[PDB]
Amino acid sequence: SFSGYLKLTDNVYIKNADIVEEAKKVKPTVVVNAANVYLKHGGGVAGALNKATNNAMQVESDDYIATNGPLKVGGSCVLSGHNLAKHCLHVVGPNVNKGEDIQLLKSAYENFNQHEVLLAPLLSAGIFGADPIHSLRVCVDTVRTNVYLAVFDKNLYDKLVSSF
């Protein structure tokens, strides 16, 4: 199970960790990917998770898009977790750097409520351009299931904990 996490609330936990290394260690039931609507896992968390699967996540994702079309911003899909987890929940948070409505971040986090426990990054943080402090606030106020947040950056992790 999950180790070294700081408990923020009854159901939200946080750790300064690389989500790829965390996933390879825990092999959780669900790892969340910070996906885009096209499931093009180029950079950030998505690029890192996909690289850890030796591109198997991208091959599976391209077949999913060919069949279903793009996801909605705020939406998700469950695909294989490959060598990282049983499943990967690909969740699309709004990308502020594309002018997407930050109000969609709550809808994005609501996808986590369909899973009893998840290993996840902060949605819309990093290259998605949102304020990670705001993302953590929306996470705590939206997710009711057990979410283990992995924050890659130590300095951001310390800021998130100290300002919580």
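One rule holds for the numbers: they count along the sequence shown, beginning at 1.
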TODO: For the higher mean C-alpha B factor in the entry, choose 42-50 or 100-108.
DONE: 100-108
TODO: Tell me which of 118-126 and 23-31 has the higher mean C-alpha B-factor in the deposited entry.
DONE: 23-31
Open item on the list: Sorting by Cα B-factor within the chain, modelled residues only, which third would residue 55 end up in: lowest, middle or highest?
Closed with: lowest
Task: residue 87 CA temperature factor, ranked by third within the chain - done: middle
Task: Chain-relative CA temperature factor third for residue 36 - done: lowest
Open item on the list: Taking only the Cα B-factors deposited for this chain, tell me whether residue 135 sits in the lowest, middle or highest third.
Closed with: middle
TODO: Grab the CA temperature factor for residue 68 from the record and place it in the lowest, middle or highest third of its chain.
DONE: middle
